[PDB]
2 protein chains.
Amino acid sequence: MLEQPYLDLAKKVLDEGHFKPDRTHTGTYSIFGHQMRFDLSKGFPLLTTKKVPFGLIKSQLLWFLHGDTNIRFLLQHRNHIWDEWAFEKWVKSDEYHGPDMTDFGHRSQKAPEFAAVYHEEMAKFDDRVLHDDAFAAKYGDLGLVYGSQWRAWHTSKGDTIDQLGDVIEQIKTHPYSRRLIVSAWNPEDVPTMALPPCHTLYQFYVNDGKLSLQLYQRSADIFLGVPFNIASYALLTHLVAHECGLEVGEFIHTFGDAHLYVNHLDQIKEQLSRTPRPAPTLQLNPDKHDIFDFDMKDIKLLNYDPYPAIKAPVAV
Amino acid sequence: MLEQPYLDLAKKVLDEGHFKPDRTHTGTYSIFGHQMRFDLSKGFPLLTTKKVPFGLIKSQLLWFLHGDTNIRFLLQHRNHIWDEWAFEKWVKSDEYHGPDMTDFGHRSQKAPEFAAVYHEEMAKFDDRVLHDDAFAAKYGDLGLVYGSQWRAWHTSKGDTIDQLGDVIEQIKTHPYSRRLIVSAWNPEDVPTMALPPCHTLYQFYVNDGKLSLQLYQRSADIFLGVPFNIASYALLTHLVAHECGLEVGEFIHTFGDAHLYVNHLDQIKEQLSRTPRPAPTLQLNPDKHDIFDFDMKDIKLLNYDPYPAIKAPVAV
Ligand SMILES: C#CCN(Cc1ccc2[nH]c(N)nc(=O)c2c1)c1ccc(C(=O)N[C@@H](CCC(=O)O)C(=O)O)cc1
Ligand SMILES: C#CCN(Cc1ccc2[nH]c(N)nc(=O)c2c1)c1ccc(C(=O)N[C@@H](CCC(=O)O)C(=O)O)cc1
Ligand SMILES: O=c1[nH]c(=O)n([C@H]2C[C@H](O)[C@@H](COP(=O)(O)O)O2)cc1F
Ligand SMILES: O=c1[nH]c(=O)n([C@H]2C[C@H](O)[C@@H](COP(=O)(O)O)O2)cc1F
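For every chain, the first residue of the written sequence is numbered 1, i.e. counting runs from 1 onward, and this need not coincide with the entry's numbering; residues without coordinates are not included. The lettering of chains begins at A and the numbering of ligands begins at 1, in the order of writing. To get the side-chain values, all heavy atoms of the structure are used, and hydrogens and water are removed first.

A short note on the interface of chain B and chain A
Many authors give the size of an interface as the accessible area that is lost as the parts come together. We count it as follows: Contact between two residues is taken to exist if any of their heavy atoms lie within 4.5 Å; hydrogens are not considered. The buried area of a pairing is the accessible area, by a 1.4 Å probe, that goes missing from both parts when the two are put together, added over both. Put simply, a salt bridge is a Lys or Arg side-chain nitrogen that is within 4 Å of an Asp or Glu carboxyl oxygen. Here a polar contact is taken to be a pair of N or O atoms separated by no more than 3.5 Å, where protein atoms must pair a possible hydrogen donor with a possible acceptor and residues adjacent in sequence count only if both atoms sit in side chains. Only DSSP runs of H or I covering at least 4 residues are called helices, and only runs of E covering at least 2 are called strands; the numbering of each starts at the N terminus. Under the scheme applied, nonpolar residues are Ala, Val, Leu, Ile, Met, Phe, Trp, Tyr, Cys and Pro; charged residues are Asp, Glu, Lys and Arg; polar residues are all the others, including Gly.
Contact residues are listed per partner, giving 51 residues for chain B and 51 residues for chain A. Summed over the three residues of chain B that lose the most area to chain A, namely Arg23, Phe32 and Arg178 of chain B, the buried surface amounts to 20% of that side. Where chain B packs against chain A, one counts two salt bridges. Note that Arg178 of chain A is salt-bridged to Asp257 of chain B, the shortest N-O span being 2.9 Å. Inspection of the chain B/chain A interface yields 23 residue pairs in polar contact. When residues in the side of chain B that touches chain A are grouped by element, the largest group, eight residues, is from strand β2 (residues 28–39) of chain B. Per-class residue counts for the side of chain B that touches chain A are 20 nonpolar, 21 polar and 10 charged.

Concerning the site of ligand 1
Residue and element names in this part refer to chain A. Test applied: Only a single heavy atom is needed: when it lies within 4 Å of a molecule or strand, its residue is near that molecule or strand. Using a 1.4 Å probe, accessible areas were evaluated by the Shrake-Rupley method; residue-level cover was limited to the displayed protein chains.
Around ligand 1, a shell composed of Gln60, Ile81, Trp82, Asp221, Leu224, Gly225, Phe228, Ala312, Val314 and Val316 is seen. In this structure, a nitrogen atom belonging to ligand 1 sits 3.4 Å away from a main-chain N or O atom of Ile81. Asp221 places a polar side-chain atom, nitrogen or oxygen, 2.8 Å from a nitrogen atom of ligand 1. Isolated, ligand 1 exposes 730 Å² of accessible area, and the fraction of that covered by the protein chains is 68%. Split into classes, the residues belonging to the shell around ligand 1 amount to seven nonpolar, two polar and one charged.

Description of the pattern of salt bridges
What counts is decided by this rule: A 1.4 Å probe rolled over the protein chains alone gives each residue an accessible area, and that area as a share of the maximum for its type sets the label: buried under 20%, exposed over 50%, partly exposed in between.
According to the stated counting rule, one finds 24 salt bridges over all chains in the structure shown. Its salt-bridge partner being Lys210 of chain A, residue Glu247 of chain A comes within 3.1 Å of it at the nearest N-O pair. With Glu247 of chain A in strand β8 (residues 247–261) and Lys210 of chain A in strand β7 (residues 210–221), the pair connects residues that are 37 residues apart, well separated along the chain. Two residues, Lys288 of chain B and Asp293 of chain B, come together in a salt bridge whose shortest N-O distance is 3.0 Å. Classification of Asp293 of chain B as partly exposed rests on a relative accessible area of 40%. Residues joined by salt bridges that share partners form a network here, namely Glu169, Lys172 and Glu243 of chain A.

Here we look at the UniProt feature "binding site: (6R)-5,10-methylene-5,6,7,8-tetrahydrofolate" in chain A
Residue and element names in this part refer to chain A. Operational definition: UniProt positions are given in the numbering used here, feature names are shortened, and annotations may be inferred rather than shown by experiment.
The sites that UniProt annotates as "binding site: (6R)-5,10-methylene-5,6,7,8-tetrahydrofolate" are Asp221 and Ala315. Across 95 residues, the annotated set stays spatially compact, with a maximum C-alpha separation of 11.7 Å. When you line up the elements, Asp221 lands in strand β7. Setting aside anything within four residues of it in sequence, one finds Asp221 in contact with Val226, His259, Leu260, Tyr261 and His264. Looking at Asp221, its side chain comes within polar contact range of the main-chain nitrogen of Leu224, at 2.7 Å. Inspection of the secondary structure puts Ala315 in the segment after β10 (299–302). Not counting residues up to four positions away in its chain, the partners in contact with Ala315 are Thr24, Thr26, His106, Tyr261 and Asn263.

A few points about the relation of the copies chain B and chain A
Threshold: Copy-to-copy alignment rests on a least-squares fit of C-alpha positions.
Rotating chain B by 180° and moving it 0.0 Å along the rotation axis overlays it on chain A with an RMSD of 0.0 Å. What the superposition gives is, in effect, a two-fold axis relating one chain to the other. No C-alpha of chain B lies nearer the rotation axis than that of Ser156 of chain B, which sits 1.9 Å from it. Mapped onto chain A, 100% of the interface residues of chain B again fall at the interface, so both copies present the same surface.

Structural notes on the site of ligand 3
Taken together, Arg178 of chain A together with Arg23, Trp85, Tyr146, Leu195, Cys198, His199, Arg218, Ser219, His259 and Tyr261 of chain B make up the full set of residues near ligand 3. Neighbouring residues of ligand 3 are distributed over chains A and B. Here an oxygen atom of ligand 3 and a side-chain polar atom of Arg23 of chain B are 2.5 Å apart. The contact in question runs from an oxygen atom of ligand 3 to an N or O atom on the side chain of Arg218 of chain B, over 2.9 Å.

Examining the UniProt feature "active site" in chain A
Residues annotated by UniProt as "active site" correspond here to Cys198 of chain A. Along the chain, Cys198 of chain A turns up in the loop between β5 (181–183) and β6 (201–205).

Description of the sheet that holds β2 of chain B
Residues and elements named next belong to chain B. Where we set the bar: Two strands qualify as a pair provided DSSP detects at least 2 bridges between them. Comment: axis = line fitted to C-alpha atoms, over the contacting stretch for helices; angle = value between 0 and 180 degrees taken between N-to-C directions.
Here six strands make up an open sheet; going across it, the order is β1-β2-β8-β7-β6-β5 and the pairing mixed. A strand with exactly one partner marks an edge of an open sheet, and here the two such strands are β1 (18–20) and β5 (181–183). Neighbour-to-neighbour, the strand axes of this sheet turn through a mean angle of 20°, independent of strand direction. Note that strand β6 (residues 201–205) and strand β7 (residues 210–221) share five bridges and pair antiparallel. Across the sheet, residue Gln203 finds its bridge partner in β7, namely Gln214. Here helix α1 (residues 4–16) sits on the sheet and contacts β1, β2 and β8 (247–261); the angle it forms with β2, its principal contact strand, is near 160°.

Some points on the sheet that holds strand β1 (residues 18–20) of chain A
Residues and elements named next belong to chain A. Spatially, β1-β2-β8-β7-β6-β5 is the arrangement adopted by the six strands of the open sheet, whose pairing is mixed. Two strands bound the open sheet, and with one partner strand each, they are β1 and β5. Ignoring strand direction, the axes of neighbouring strands in this sheet form an average angle of 20°. Relative to β6, β5 runs antiparallel, the two sharing three bridges. Opposite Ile181, over in β6, you have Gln203 as the bridge partner. Lying on the sheet, helix α10 (residues 163–173) is in contact with β5, β6 and β7; it crosses β5 at an angle near 170°.

Side note on the packing of aromatic side chains
Which entries qualify depends on this criterion: For this analysis, a ring pair means two rings from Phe, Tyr or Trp (six-membered ring only for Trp) whose centres lie within 6.5 Å, classed as stacked if their planes differ by under 30 degrees, edge-to-face if by over 60, and tilted for the remaining angles. In this scheme, the term charge over a ring applies when either NZ of a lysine or CZ of an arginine sits within 6 Å of the ring centre and within 35 degrees of the ring normal.
A full pass over the atoms with the stated rule returns 47 aromatic pairs over all chains. Plain terms: the ring middles of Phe44 of chain B and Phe54 of chain B are 5.4 Å apart, the flat faces sit at 75° to each other, and that makes the pair edge-to-face. On the criterion of sequence distance, the pair formed by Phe44 of chain B in the loop between β2 and α2 (54–64) and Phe54 of chain B in helix α2 is long-range, its members being 10 residues apart. Just as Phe44 of chain B is buried, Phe54 of chain B falls in that class too. When the ring of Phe87 of chain B is compared with that of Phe125 of chain B, the centres are 6.1 Å apart and the planes differ by 55°; the resulting orientation is tilted. Taken together, the residues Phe87 of chain B in helix α4 (residues 84–91) and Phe125 of chain B in helix α7 (residues 121–131) connect sequence positions 38 residues apart. According to the relative accessible area criterion, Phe87 of chain B is buried, its value standing at 0%. Every member of this aromatic cluster is reached through a ring pair, and the members are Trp63, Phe64, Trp82, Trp85, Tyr146, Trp150, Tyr202, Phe204 and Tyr233 of chain A. Geometry around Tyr139 of chain A places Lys138 of chain A over its ring, the cationic atom sitting 4.3 Å from the centre. Lying over the aromatic face of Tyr307 of chain B, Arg277 of chain B brings its terminal NZ or CZ to 4.1 Å of the ring centre.

Take a look at the structure:
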């Protein structure tokens, strides 16, 4: 079945896992080291044992897949996953001056009155962004995010290398090469960023005509973060092979610290009260080949019958 | 037993492996994706089923572990593993002008007369290096090799980040962090190098006082290259914990393309005619703490009873 992978990763953590403090409060139960593997020939591992929502996953990928470091496309696609860091880079400073708000969010996962401000002054924020190009360009252009990492490596001699572009042009001409990597971890930049890229390195592979991919994710939350991650990189592979004219092999997903949060383990146990159903299947439009173009009307997920969605608290 | 890992990786390739052309002639049998794991508490995985030689492994590590991009320390330590690329960057050019030699080596693994030249003009090379500082500094300073990758990241704003230094100072103060990485893959530099770093990324981990490490190696030869690699990173971990005052956890070693060469598979089958013996145990001197200092008289391997060494041809 395609998603038993997750359920044996998540099972093995609350069984083998050993406790660690984190970079917040809530403890983690962590394993270090896992290869999880999915056979893309017969699927698209979006969890049938918990609604996970393909729409925000597509948007986010597509944002990444064509330069963007600016949340104004994400906002205007009803997606707000990367919304708050834009507010941290602003609540703090010199145009804004308003509410209490310096530090919000965690103290809004359980708040005071906070909800009508963290939700209403960072409403006004995300609004001005979508309509004020000036404002968009500043407090909504996040800088360094996977988008500028894959498509824009800033180099010691002035300019930017579009790495993923180059690896999709190697996939075509030179298929069998052991070099087919996109790193997202740049040292000049990591004694700095809010989050360093959690999705560090991913190499690709052809062999027999179908493209595998492997992703080393350095820090992974078992419950909330790992559902989107399997699916995104699975969506990213389906898209590279429709470009490079290849079939689908594997999506292999490796880990450093796969960790569960102690504040959401009653909830993972409830997910294991469910048996996986038949796995869903994606569609990508034939009339669009340069993967760089896809809108939402170019990737269709079909026949996803999920079990009810299970809620958990971003403490980060 | 600690090295059955290798023998089930190497077994699984000539069994599951599927054929691929490479960046040379000789075909490969390759798997893509493996986590291999060793429990350093009870060992030091140097193969007992084939002599592998700790001396050249120590030298090479130590070279790496204190700035060097120059083979004059490697030469003067009777090690010549990185010797020939120094000769390719020279056979080719303007001080040298001598023998036929432009392209040598492969055509010396099976040569014409080649042996008394590839071996005698690149004798004269490695000699002048060890005695002529001028010459050392040029045709023996390899530039970018793991040494300048770990200890010298060249940055867009002028200077060099000593990454490994910084990660050993984080290991001390902040132990439990999901950030403890040293990448060796720099994009500005990889549309270029002879070999891109085969040992791309490695993150570390404490938890309960003993340090694990995990290495994603992008391209690995099963037979010749993978023996040194398990041991080096195992030696590298033993050294970080004696610095950071930690015990030893695991050494986890992940793969992209683990591949065997078709020209050395009679030879791997002969290694599997042997049962592993008791695994060897290393020593690191108590009076030397800054790992940055170790000479050869600071790491002792004890009680390594190996099976005879099994020879195989560098075609690259
Ligand atoms: C990328 C990026 C930046 N971020 C920020 C961020 C903050 C805390 C985190 N916490 C955990 N455990 N994992 C994460 O991936 C994570 C990411 C993201 C923002 C939201 C979601 C997300 O949709 N969360 C839940 C929604 C339910 C809820 O909390 O109310 C989900 O659908 O699973 C994922 C990533
Ligand atoms: C690092 C680096 C650069 N290099 C260059 C280089 C060239 C061809 C290769 N071929 C293979 N299969 N794997 C490699 O790691 C490799 C590396 C190295 C040079 C020598 C050895 C080595 O000692 N080889 C054999 C020696 C026996 C022989 O060939 O006569 C061994 O001990 O296993 C390893 C790495
Ligand atoms: O440190 C090294 N490791 C390594 O394994 N090789 C070789 C053999 C390996 O199989 C190949 C990597 O494949 P590619 O041909 O893509 O470089 O280079 C060379 C080195 F310098
Ligand atoms: O893309 C992302 N992935 C991710 O998982 N996180 C979170 C949750 C994860 O557990 C943590 C990574 O650990 P660290 O605290 O070391 O950053 O950051 C945030 C993102 F933006």
